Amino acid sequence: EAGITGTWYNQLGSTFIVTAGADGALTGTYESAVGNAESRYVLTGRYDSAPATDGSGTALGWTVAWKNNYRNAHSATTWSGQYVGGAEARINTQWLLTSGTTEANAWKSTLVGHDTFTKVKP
């Protein structure tokens, strides 16, 4: 079993609601806060559908563009990471948040960070 499909939570208060297809596709909804239509966004990505069997994690990545019918932050985040199975399963990521800028302001276009996702709210 891939173990990826389902609801995941991070420490920022966000929810990652994902389906992992047999073909390597990640699809679903990313919620930046709960109980607000204005905070729901489309995500799309890819994962390794035939990972190694040597104890290594499963490589994956996805993108959210921060535009919906209510809001547009002129920005996108990509998360790159790996799924780690077990009784305390996790998706460990690093991420890049780029905002649209002028060329003179491009030095301040991109934030970097890390987030761990869990199956129980932290």
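Don't overthink the numbering: it's just position in the shown sequence, from 1. Note that the rigid core is defined as the largest set of C-alphas that superpose within 1.5 Å between two forms.
Root mean square Cα distance to the shown form, taken over structures and residues in 4 other deposited structures of this protein after a core fit, is higher for 26 to 34 when 55 to 63 and 26 to 34 are compared.
The stretch with the higher mean CA B factor, choosing between 82 to 90 and 69 to 77, is 82 to 90. Set 55 to 63 against 35 to 43 and average the Cα temperature factors; 35 to 43 ends up higher.
Per the deposited record, the Cα B-factor of residue 113 falls in the lowest third when ranked against the other modelled residues of its chain.
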